[PDB]
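> Need a 3D model of the following:
(one chain, ligands or ions: 1)
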Amino acid sequence: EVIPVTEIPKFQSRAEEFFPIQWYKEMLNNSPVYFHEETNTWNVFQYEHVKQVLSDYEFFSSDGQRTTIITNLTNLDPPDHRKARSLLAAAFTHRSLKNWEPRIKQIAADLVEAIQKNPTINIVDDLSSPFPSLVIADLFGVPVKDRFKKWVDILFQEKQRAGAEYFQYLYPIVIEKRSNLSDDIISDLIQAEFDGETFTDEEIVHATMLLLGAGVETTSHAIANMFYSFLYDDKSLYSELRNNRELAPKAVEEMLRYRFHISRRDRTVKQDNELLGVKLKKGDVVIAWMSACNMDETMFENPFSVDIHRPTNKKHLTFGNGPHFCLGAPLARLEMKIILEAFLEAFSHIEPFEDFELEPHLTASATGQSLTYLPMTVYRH
Ligand code: HEM
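Residues are numbered from 1 along each chain as shown. Let me share the structure:
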């Protein structure tokens, strides 16, 4: 049973759903452990409850009958999760993340080089939408000619057709790489082994589709919302980053705490318990609202303000917590750092369009509402 999580807050505007800080403050102050009769869900907003739901799989299972949304990795609890996680993790080593940085830098340099003389840019079409698709295509090892945005657009049934077309495209590339191994994700998934078990070629195609669904639109949203913040939240932050070019990672971590909305994951209660202060029964569904708990003043001082120097920022739960903690988190942080650093090198100052209207430039997405357009005036020094 697909649970329509959109019906819990019932937002009055796309703009509110895009940045629901008023609703987070209401739930944290008045209703932090909230039973929603219409969806038959429990809803938790406080940092210590959200963290417990995400990680304590003995009590809060990822593999229940009801959900908020090809290996089903995200739907497995330990012990069955260990093999799937280990085989996919073979493509996300410390060595690969080190080797990816100069490749991702090249891609960012080319995207920014295309807009370097622009008086005005559109973050979405010029940067946030193409960049994570161009990156994942390079990291997969796709032929240079195919270097792909189309796929994830369509991968959003339209869905049956698109998945069958991706499969026919990639299946012969995996077979080819099995005989012709290179430093790319597909080659690392071919060589992966757990207790003598390996992926089949078909499983590797599915693994790449899971990585596309996990890592493209999420990263696009995170980048667009970071640039949104520089225009609309702390308008002095961009200047601070220009003045000290080592601050990019701190800025990325604060934009993942402050401007990624809405982050929520569901679990199914596995055993009766009152760990969240209320009696729950086996089969109950709990939604953990990570974006809300990222503004819990018990963990984050001055939580409704941008502060890239807040020493707790690295504790945000935008990537989850526990066994399912985002496999892509290092890559996501690297992509956001590299695109921000390339942008800072090109542009001395950015300004919003006085006439930009948010409501007409938001569309429904898996995370709530996403920018369709984000204009800015840019300057060079
Ligand atoms: C800003 C970007 C991203 C965000 C906000 C994000 C968020 C998340 C979250 C919250 C989970 C945990 C789900 C849960 O507990 O139920 C997760 C899992 C995962 N993410 Fe990410 N993600 C991002 C980028 C990426 C990228 C770039 C990749 C890969 C290229 C990726 C691959 C995955 C995978 C494979 C899992 C499943 C791990 C498991 O279930 O063991 N993600 N992501």
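> from here on, contacts and neighbour counts on C-alpha atoms
Noted.
> Spell out which parts of the protein neighbour the ligand.
Within the chain, the residues that sit near the ligand (Cα under 6 Å from any ligand atom) are 54, 73-74, 85, 211, 214-215, 218-219, 222, 265, 318-320, 323-329, 331-332.
> Mark which of these are part of strands, please.
Taking DSSP state E as the definition of strands, the residues of the chain next to the ligand contribute residue 265.
> Look up phi and psi at the residue lying closest to residue 314 once chain neighbours are set aside.
Among residues not flanking residue 314 along the chain, residue 253 sits closest, at 6.5 Å (Cα to Cα, 6 or more residues apart in numbering). When read as degrees, to the nearest 10, the backbone of residue 253 gives phi -60, psi -40.
> show me what contacts residue 253?
By Cα atoms under 8 Å, 6 or more residues apart in numbering, residue 253 lies in contact with 308, 313, 314, 333.
> picking that back up, from the residues of the chain next to the ligand, which would you call buried?
When neighbours are counted using 16 or more other Cα atoms under 10 Å, these contain these buried positions: 54, 73-74, 85, 215, 218-219, 222, 265, 318-320, 323-324, 326-329, 331-332.
> returning to what we had before: can you tell me how far the residue nearest to residue 314 is from the ligand?
Distance, residue 253 to the ligand, using Cα to the nearest ligand atom, to the nearest Å: 10 Å.
> Show me how far stretch 146-159 is from its chain's centre.
Mean-position distance between stretch 146-159 and its chain equals 17 Å (Cα atoms, centre = their mean, to the nearest Å).
> can you pull the buried residues of it?
Buried residues in stretch 146-159 (16+ other Cα under 10 Å): 149, 152, 155.
> a helix runs through the second one, doesn't it?
Yes: the assignment for residue 152, made by DSSP: H, G, I helix; E, B strand; the rest coil, places it in a helix.
> Which element is encountered next along the chain beyond the helix ranked longest in the chain?
Criterion DSSP state H: the longest helix present in the chain is helix 158-179. Counting by DSSP states H and E, the next helix or strand C-terminal to helix 158-179 is helix 185-191.
> what does that following helix rub up against?
Contacts of helix 185-191 (Cα under 8 Å, 6+ apart): 87-88, 90-92, 139-141, 174, 177-178, 181, 198-201, 204, 208.
> For that helix, which residues meet the burial criterion?
Taking 16+ other Cα under 10 Å as the criterion, helix 185-191 shows 185, 186, 187, 188, 189, 190 as buried.
> the helices in the stretch 251-381 of the chain, which residues?
290-293, 329-346 (DSSP state H, counting those that start in this stretch).
> Tell me which of these is the most buried.
Of all the helices of the stretch 251-381 of the chain, helix 290-293 carries the top mean neighbour count, a mean of 28, counting by mean count of other Cα atoms under 10 Å.
> hang on, residue 257 packs against residue 320?
No: using Cα atoms under 8 Å, residue 257 is not in contact with residue 320; the gap is 11.8 Å.
> which one is the closest residue to the ligand within the stretch 151-300 of the chain nearest to, not counting chain neighbours?
Per Cα to the nearest ligand atom, residue 215 is where the stretch 151-300 of the chain lies closest to the ligand, at 3.2 Å. Nearest non-adjacent residue to residue 215, counting by Cα to Cα, 6+ apart: residue 328, 6.7 Å away.
> Out of the contacts of residue 253, which is nearest to the ligand?
residue 333 (7.2 Å).
> What is the neighbour count of the closest residue to the closest one other than its chain neighbours?
Nearest non-adjacent residue to residue 333, counting by Cα to Cα, 6+ apart: residue 252, 6.9 Å away. Using other Cα atoms under 10 Å, residue 252 has 23 neighbouring residues.
> so who does residue 252 touch?
226, 333, 336, 337.
> Now distance to residue 68 too, for these, in CSV please.
Shown next, in CSV, are those (distance: Cα to Cα, whole Å):
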residue, distance to residue 68
226, 25
333, 25
336, 27
337, 30
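> And those residues, which two are furthest apart?
226 and 333 (12.0 Å; Cα to Cα).
> Endpoint to endpoint, stretch 311-321 covers what distance?
19 Å (Cα to Cα, to the nearest Å).
> Please spell out which residues along that stretch are buried.
For stretch 311-321, by 16+ other Cα under 10 Å, it's 313, 316, 317, 318, 319, 320, 321.
> Could you do stretch 225-235 as well?
225, 226, 227, 228, 229, 230, 231.
> Residue 15 is nearest to which of the helices of the stretch 251-381 of the chain?
helix 290-293 (15.7 Å).
> for the closest one, packing partners?
The contact analysis (3 or more Cα pairs under 8 Å, 6 or more residues apart in numbering; DSSP states H and E) places helix 290-293 against helix 21-30, helix 47-55.
> any idea where the strands of the stretch 251-381 of the chain begin and end?
265-269, 285-288, 349-351, 362-365, 368-371, 375-379 (DSSP state E, counting those that start in this stretch).
> how about the ones you listed in a markdown table, adding distance to residue 134?
Converted to a markdown table, the strands of the stretch 251-381 of the chain look like this (distance: least, Cα to Cα, whole Å):
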| stretch | distance to residue 134 |
| --- | --- |
| strand 265-269 | 28 |
| strand 285-288 | 32 |
| strand 349-351 | 25 |
| strand 362-365 | 21 |
| strand 368-371 | 19 |
| strand 375-379 | 21 |
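> thinking again about what came up before, is it possible to get JSON lines of the helices of the stretch 251-381 of the chain that adds distance to residue 96?
Shown next, in JSON lines, are the helices of the stretch 251-381 of the chain (distance: least, Cα to Cα, whole Å):
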{"stretch": "helix 290-293", "distance to residue 96": "29"}
{"stretch": "helix 329-346", "distance to residue 96": "10"}
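> buried sites along stretch 278-287?
280, 283, 284, 285, 286, 287.
> Okay, now it: how far is its last residue from its first?
End-to-end distance (Cα to Cα), stretch 278-287: 14 Å.
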